Amino acid sequence: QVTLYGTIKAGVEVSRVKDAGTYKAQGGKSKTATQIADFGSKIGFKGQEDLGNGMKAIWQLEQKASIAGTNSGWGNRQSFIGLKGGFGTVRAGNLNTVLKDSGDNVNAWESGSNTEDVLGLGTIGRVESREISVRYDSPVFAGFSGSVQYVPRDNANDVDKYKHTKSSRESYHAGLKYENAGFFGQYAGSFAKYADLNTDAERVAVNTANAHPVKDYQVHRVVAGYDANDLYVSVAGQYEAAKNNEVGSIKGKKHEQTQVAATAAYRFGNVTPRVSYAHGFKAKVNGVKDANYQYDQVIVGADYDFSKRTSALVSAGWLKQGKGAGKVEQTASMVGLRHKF
Amino acid sequence: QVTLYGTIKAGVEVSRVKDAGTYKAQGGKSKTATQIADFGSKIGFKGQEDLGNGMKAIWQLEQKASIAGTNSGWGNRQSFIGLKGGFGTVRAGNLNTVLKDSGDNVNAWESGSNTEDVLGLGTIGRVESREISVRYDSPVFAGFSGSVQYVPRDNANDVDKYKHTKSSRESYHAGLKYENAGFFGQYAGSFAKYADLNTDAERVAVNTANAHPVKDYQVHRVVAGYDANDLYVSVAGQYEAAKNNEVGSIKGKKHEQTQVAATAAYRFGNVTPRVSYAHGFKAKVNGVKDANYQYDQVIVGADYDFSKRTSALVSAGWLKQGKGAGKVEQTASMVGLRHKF
Amino acid sequence: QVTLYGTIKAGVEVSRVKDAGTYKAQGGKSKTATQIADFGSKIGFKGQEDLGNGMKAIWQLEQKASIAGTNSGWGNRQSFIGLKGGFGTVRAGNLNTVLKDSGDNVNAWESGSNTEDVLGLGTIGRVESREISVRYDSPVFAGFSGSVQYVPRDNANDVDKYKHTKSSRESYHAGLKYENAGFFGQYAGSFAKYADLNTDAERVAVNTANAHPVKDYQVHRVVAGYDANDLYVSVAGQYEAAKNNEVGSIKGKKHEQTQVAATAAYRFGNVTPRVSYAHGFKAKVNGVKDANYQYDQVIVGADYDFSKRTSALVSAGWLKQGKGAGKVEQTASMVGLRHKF
Ligand SMILES: OC[C@H]1O[C@@](CO)(O[C@H]2O[C@H](CO)[C@@H](O)[C@H](O)[C@H]2O)[C@@H](O)[C@@H]1O
Ligand SMILES: OC[C@H]1O[C@@](CO)(O[C@H]2O[C@H](CO)[C@@H](O)[C@H](O)[C@H]2O)[C@@H](O)[C@@H]1O
Ligand SMILES: OC[C@H]1O[C@@](CO)(O[C@H]2O[C@H](CO)[C@@H](O)[C@H](O)[C@H]2O)[C@@H](O)[C@@H]1O
């Protein structure tokens, strides 16, 4: 096989921000924006070859392809070469992290890049990435399957390759999943002895502007629920923790945050209504409570399946971030269209 | 369906510029340049899905692909998702403007980017663009069809999305076409309450360097002719008008220019000879006649069809711009090859 | 026909540099680097159309596509339009140079960009490029075939197109090949009356930072050997020469260098062991011996063919550059996987 595949998806999104700091017009409310936005259109090529006696060569080259013409690049979405057989699957390339894959049971929503935090559960997803790495995925044995994945030191920091003067940013990713009669539970996590975070607590490249070096960077996620008989329910808990590793007054002090998320949906023929809620508890930053990181959000919407490949989509979200006067409120809604090929 | 399609096209172009201002060697004549040039090679992917009872989902992802290796990007040519049925066609994405589509009956010529104004009718085409927009196209009823298209404020100016401090650059595009027994007539136009022009009178993005803000920016084009029985004839008139909207002495003053174009071609078996003429009358700039905008051009050439997909091409053009001493004359010729797949 | 094709290839590479100048830790040895690296994954589209009575239109659009997601661009590998028939083949576009094609019988090794000089015979290949050009390839007549290729002045230097104030960087490329019963011999070469080299003696664009202008830039390569009955042997000699053309004390003085390369491999069923050796003799730079350019290298490895399209790969290389204290030693090894589609 060699298959061309992808998804074209886009819609009209309407959004308003409430922020006393950045806007002054009527209680810190911004104007209402209305935008045509691509929702993350993508195109890939992939294939497999039977190598004889169980084993297959596998490969994939997947690309961002926004119908707004803003992307460029090959292989900037999940892309790999690997082998598959009775042993499971081994791949190397630009790979989804185990946590990024588990996000499929957390964030079912479609939106443009501008609305990812309010028309989707974007905040809980901040830990998810693609990385140049090697990954093993097991076969499914008695309901159970698992993954392990590694990003080498010299891929996490190319510059330092021959002069190991910077602490390693290598990382480990692992997951375990169980499925039985519609019921599912999964753990997914990561560890990096050293890492770097921006102020949104996303991992960024070493030496990025305003990056914060951290040590013992760990992320744990558990997701459980039910997906069968027209019903979908998902509940997720997530925990992120690190020590400050920046040279200065606060080195050694602990960062941490807990997030939770829940989704329910029910299929009525070709219509799926869906509701999501998510909450970020106050973070500990340099060992001190920081309510700037707390958030609450709800999203409601529905998908209308014209076919198995084509859906019309609608949603509305409300998000509140922080506390008091630095507080930010986002509201948004969209209508859209998705076509898989 | 999912179809791969495109056109590979390129040739050798020979060109000379006469410009007393920029060249001094022998009456302001430049040296003669000879270049291999891609003519606008492109590749796309597209598809459709019957949704039951008349309606279809449609999508397209088209890209610039120069065989000289100078392009990068997905979806930087006409790209969309939409629906089609008895109601007509609705699309959203990076869409040809109605005026850009009408250009098919104005500029039949192929050339590289360097020769677009002399080996093609590039000046009349300066009003044509692709825009992130929504568009409706009607069915053909008794010879008649039409289009309407809109570019939202927050797509024309993303930066200003939440602070509507800049006047809207939203625009409307519309067209009407009639066809009967080889005869065709079409109107295509656009209006933008506010817009921005460079000195070549092309629309550029707000806040571009040396952009000129304008108000009441309107473009009207009429094209009429005959296309049947081996004969092609086309005549076009175009009118562009705007008011100066730049803070300063000349705010409120009128810009305007009229252009006309005509083409004839006749098919003799596999050979098509073609001739084009175009003229830009003196522009009004800040309410004052500006002969720097006037131009006259002729192009002659032929296409040699090896097949329905493969043509060899030859052309020669002469263009004169401006008047007196700021005057510019361009001459050029090419030979080339075009293959559609 | 319209065919999608390509090769996905990548592996894990381990490398160490010995350089007293840039490293100080234990006799100028660097740390050992271990990296997942793409080996030059690529994807193309190509086609042909019978034009009647022997002739065919041909075209190709080939792209770099690294599964690490670092490439962007269309047509940045061999890409063209052309015609083919009894006369041979004519193409125009981003074309392999005749010398670049002859490199197929010189460098059989796969590696990432970081290891090209030690896990491949990269130094001898420094003369190889793709150029926007026109090329003719003859049919094979009684074992003999040949190529001629030209890069025009205004493609080698676009800026200067209309003001021929800079000496032409146009170039000629030519080759001749003979094949008989497994035995092969080929000459490939190039001439450019004027050119520009960086300090690694690679051709760079005019006006590049630290480019060195040269005159009478010639490259000659002869490759001979045997490729049949499970046995492969190749021997190559290469000669490069130019005159300094930089305004200053040393203008007119001669640069030159000779390189040689040899490879043997034998197929044992699905396993091919291979060995390569290459040597660069002391260069003459500005008429003076420069041992900084001398080098010696060996590579050993094997390919394991799972199928005709899928190979596992292993190699190890040792390279020594220069002499004395400016001396550089590189060691490396890899394991990898290659899949052609
Ligand atoms: O997979 C869950 C979620 O993915 C959606 C919305 O993001 O579609 C996107 O992700 C799919 C992964 O299965 C891709 O196949 C698709 O191309 C992409 O648009 C929905 O299908 C689904 O709710
Ligand atoms: O369509 C008119 C004109 O288009 C030409 C030359 O520009 O071909 C280009 O535009 C076509 C649009 O129909 C594309 O299909 C093609 O890929 C592109 O090269 C000629 O075909 C024709 O005279
Ligand atoms: O062709 C010789 C050499 O090419 C290899 C390794 O570079 O494969 C690369 O080059 C091929 C050219 O034939 C391409 O087809 C392929 O896509 C690319 O990886 C080996 O196949 C061979 O030893």
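For B:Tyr194, the stated conditions do not hold, so it cannot be described as buried (at least 17 other Cβ atoms within 10 Å of the Cβ), assigned to a loop (DSSP other than H, G, I, E, B) and more than 16 Å from ligand 3 (Cβ to nearest atom). For region A:56-85, the candidate set comprises residues that are away from chain B (no Cβ under 12 Å) and in a loop (DSSP other than H, G, I, E, B); within that set, the residue that is surrounded by the fewest Cβ atoms within 10 Å (Cβ to Cβ) is A:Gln78.
For region A:240-276, give me the residue count where each residue is of a type in the set (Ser, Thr, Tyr), surrounded by fewer than 16 Cβ atoms within 10 Å (Cβ to Cβ) and part of a strand (DSSP E or B). It would help to see each step written out before you state the result.
Within region A:240-276, the first condition is being of a type in the set (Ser, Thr, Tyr), and the residues that meet it are A:249, A:258, A:263, A:266, A:272, A:276.
Applying the additional criterion that residues be surrounded by fewer than 16 Cβ atoms within 10 Å (Cβ to Cβ) yields A:249, A:266.
Add one more test, that the residue is part of a strand (DSSP E or B), and what stays is A:266.
Here the count works out to 1.
Checking each residue in region A:45-63 for being touching a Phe, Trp or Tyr at 6+ places or on another chain (Cβ under 7 Å) and of a type outside the set (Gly, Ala, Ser) picks out A:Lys46, A:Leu51, A:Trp59, A:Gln60, A:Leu61, A:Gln63.
Does region C:103-113 include one or more residues that are farther than 27 Å from C:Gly11 by Cβ and either in contact with a strand residue (DSSP E or B) (Cβ under 8 Å, 6 or more places away or on another chain) or without any contact (Cβ under 8 Å) to a residue 40 or more places away in the chain (or both)? Explain how you work it out, then say what you get.
Step one: list which residues in region C:103-113 are farther than 27 Å from C:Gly11 by Cβ, which gives none.
The answer is no, given that none of the residues of region C:103-113 is farther than 27 Å from C:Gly11 by Cβ and either in contact with a strand residue (DSSP E or B) (Cβ under 8 Å, 6 or more places away or on another chain) or without any contact (Cβ under 8 Å) to a residue 40 or more places away in the chain (or both).
Looking only at region C:314-341, residues that are touching a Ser or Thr at 6+ places or on another chain (Cβ under 9 Å) and within 14 Å of chain A (Cβ to nearest Cβ) come to 12 in all. Scoring B:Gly40 on the criteria (1) more than 8 Å from every other protein chain (Cβ to nearest Cβ); (2) more than 19 Å from A:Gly336 (Cβ to Cβ); (3) part of a strand (DSSP E or B) leaves a single failure, condition (3).
Which residue is farthest from C:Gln330 (Cα to Cα), if the candidates are limited to region C:1-46 and must be of a type in the set (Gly, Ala, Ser) and more than 15 Å from ligand 3 (Cβ to nearest atom)? Before the answer, list the steps.
Taking region C:1-46 first, the residues of a type in the set (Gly, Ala, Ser) are C:6, C:10-11, C:15, C:20-21, C:25, C:27-28, C:30, C:33, C:37, C:40-41, C:44.
Adding the requirement that they be more than 15 Å from ligand 3 (Cβ to nearest atom) leaves C:15, C:20-21, C:25, C:27-28, C:30, C:33.
Working: C:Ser15: 7, C:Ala20: 12, C:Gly21: 14, C:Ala25: 16, C:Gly27: 14, C:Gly28: 12, C:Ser30: 10, C:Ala33: 12 Å.
Filtering first and then ranking leaves C:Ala25.
Each row is one residue, and each column tells you yes or no for (1) within 16 Å of ligand 3 (Cβ to nearest atom); (2) in contact (Cβ under 8 Å) with a residue 60 or more places away in the chain; (3) touching an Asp or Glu at 6+ places or on another chain (Cβ under 9 Å); (4) among the hydroxyl-bearing types (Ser, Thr, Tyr).
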position: A:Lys243; (1), (2), (3), (4): no, no, yes, no
position: A:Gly248; (1), (2), (3), (4): no, no, no, no
position: A:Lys251; (1), (2), (3), (4): no, no, no, no
position: A:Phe306; (1), (2), (3), (4): no, no, yes, no
position: A:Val328; (1), (2), (3), (4): no, yes, yes, no
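Is at least one residue of region A:47-55 surrounded by fewer than 23 Cβ atoms within 10 Å (Cβ to Cβ), closer than 24 Å to A:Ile8 by Cα and within 15 Å of ligand 1 (Cβ to nearest atom)? Scanning region A:47-55 turns up no residue that is surrounded by fewer than 23 Cβ atoms within 10 Å (Cβ to Cβ), closer than 24 Å to A:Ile8 by Cα and within 15 Å of ligand 1 (Cβ to nearest atom). When the residues of region C:277-293 are narrowed to those that are more than 21 Å from C:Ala236 (Cα to Cα) and charged (D, E, K, R), which ends up surrounded by the most Cβ atoms within 10 Å (Cβ to Cβ)? Across region C:277-293, the extreme among qualifying residues is C:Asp290.
Look through region C:1-28, keep the residues that are touching a residue at least 40 places away in the same chain (Cβ under 8 Å) and either within 16 Å of ligand 1 (Cβ to nearest atom) or of a type in the set (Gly, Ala, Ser) (or both), and return whichever of them is nearest to the other protein chains (Cβ to nearest Cβ).
Within region C:1-28, the first condition is being touching a residue at least 40 places away in the same chain (Cβ under 8 Å), and the residues that meet it are C:1-21.
Narrowing the set further to residues that are either within 16 Å of ligand 1 (Cβ to nearest atom) or of a type in the set (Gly, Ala, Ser) (or both) leaves C:6, C:10-11, C:15, C:20-21.
Numbers: C:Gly6: 8, C:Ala10: 6, C:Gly11: 8, C:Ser15: 8, C:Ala20: 14, C:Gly21: 13 Å.
Out of the qualifying residues, it is C:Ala10.
Among the conditions (1) over 24 Å from B:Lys64 (Cα atoms); (2) within 15 Å of ligand 1 (Cβ to nearest atom); (3) crowded, with 21+ Cβ neighbours inside 10 Å, A:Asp104 misses just one, which is (3). Within region B:86-107, the residues that satisfy the criterion of being in contact with a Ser or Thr (Cβ under 6 Å, 6 or more places away or on another chain) and either in a loop (DSSP other than H, G, I, E, B) or farther than 29 Å from B:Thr272 by Cβ (or both) are B:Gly88, B:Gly93, B:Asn94, B:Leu95, B:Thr97.
Looking at A:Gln35, is it more than 12 Å from chain C (Cβ to nearest Cβ), in contact (Cβ under 8 Å) with a residue 12 or more places away in the chain and surrounded by fewer than 23 Cβ atoms within 10 Å (Cβ to Cβ)? Give the derivation first.
Working: more than 12 Å from chain C (Cβ to nearest Cβ): yes; in contact (Cβ under 8 Å) with a residue 12 or more places away in the chain: yes; surrounded by fewer than 23 Cβ atoms within 10 Å (Cβ to Cβ): yes.
Criteria met by A:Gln35.
Looking at this structure, is A:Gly146 surrounded by fewer than 24 Cβ atoms within 10 Å (Cβ to Cβ), on the phi < 0 side of the Ramachandran plot and part of a helix (DSSP H, G or I)? In short, no.
State yes or no: is B:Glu110 within 27 Å of B:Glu128 (Cβ to Cβ) and out of contact with any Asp or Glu (no Cβ under 8 Å at 6 or more places or on another chain)? Yes; evaluated as a whole, the condition is true for this residue.
Residue check: is C:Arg126 more than 16 Å from ligand 1 (Cβ to nearest atom) and within 29 Å of B:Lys9 (Cα to Cα)? Reasoning before the result, please.
On the way: more than 16 Å from ligand 1 (Cβ to nearest atom): yes; within 29 Å of B:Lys9 (Cα to Cα): no.
Judged against the criteria, C:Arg126 is not a match.
Can you tell me which residue within region B:42-69, out of those that are of a type outside the set (A, V, I, L, M, F, W, C) and within 16 Å of ligand 2 (Cβ to nearest atom), is farthest from the chain's Cα centre (by Cα)? Full working, then the answer.
Our first condition is that a residue be of a type outside the set (A, V, I, L, M, F, W, C); within region B:42-69, this holds for B:42, B:44, B:46-50, B:52-54, B:56, B:60, B:62-64, B:66, B:69.
Now narrow it down to the ones that are within 16 Å of ligand 2 (Cβ to nearest atom): B:42, B:44, B:46, B:60, B:62-64, B:66.
On the way: B:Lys42: 16, B:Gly44: 19, B:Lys46: 23, B:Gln60: 20, B:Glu62: 17, B:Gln63: 17, B:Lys64: 15, B:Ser66: 18 Å.
Ranking the qualifying residues of region B:42-69, first place goes to B:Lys46.
Tell me yes or no: at least one residue of region A:156-171 is away from every other protein chain (no Cβ under 14 Å) and either among the small types (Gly, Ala, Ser) or at positive phi (or both). No, that holds for no residue.
Taking B:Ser41 as the residue in question, decide whether it is under 22 Å from B:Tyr277 (Cβ atoms), away from ligand 1 (no atom under 16 Å from the Cβ) and of a type outside the set (D, E, K, R).
Numbers: under 22 Å from B:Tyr277 (Cβ atoms): no; away from ligand 1 (no atom under 16 Å from the Cβ): yes; of a type outside the set (D, E, K, R): yes.
No.
Mind checking which residues of region A:207-217 are buried (at least 16 other Cβ atoms within 10 Å of the Cβ) and either closer than 25 Å to A:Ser102 by Cα or in contact with a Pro (Cβ under 8 Å, 6 or more places away or on another chain) (or both)? A:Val214, A:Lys215, A:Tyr217, listed by residue number. Selection of region A:86-122 for residues being closer than 20 Å to A:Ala192 by Cβ and away from every other protein chain (no Cβ under 11 Å) yields A:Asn96, A:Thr97, A:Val98, A:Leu99, A:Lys100, A:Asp101, A:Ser102, A:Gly103.
Against the condition under 18 Å from A:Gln259 (Cα atoms), in contact with a helix residue (DSSP H, G or I) (Cβ under 9 Å, 6 or more places away or on another chain) and part of a loop (DSSP other than H, G, I, E, B), how does A:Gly122 come out, does it pass?
Working: under 18 Å from A:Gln259 (Cα atoms): yes; in contact with a helix residue (DSSP H, G or I) (Cβ under 9 Å, 6 or more places away or on another chain): yes; part of a loop (DSSP other than H, G, I, E, B): yes.
Yes.
Working carefully through the options C:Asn286, C:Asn270, find the one that is within 14 Å of chain A (Cβ to nearest Cβ), away from ligand 3 (no atom under 14 Å from the Cβ) and more than 21 Å from C:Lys18 (Cβ to Cβ).
Working: C:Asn286 fails: within 14 Å of chain A (Cβ to nearest Cβ).
Step by step, each of C:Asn286, C:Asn270 is checked, and only C:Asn270 is within 14 Å of chain A (Cβ to nearest Cβ), away from ligand 3 (no atom under 14 Å from the Cβ) and more than 21 Å from C:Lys18 (Cβ to Cβ).
Here Cβ is always computed from backbone atoms with ideal geometry, including for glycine, and neighbour counts include all displayed protein chains. Read the figures in this text as sums done on the coordinates, not as results from a lab.
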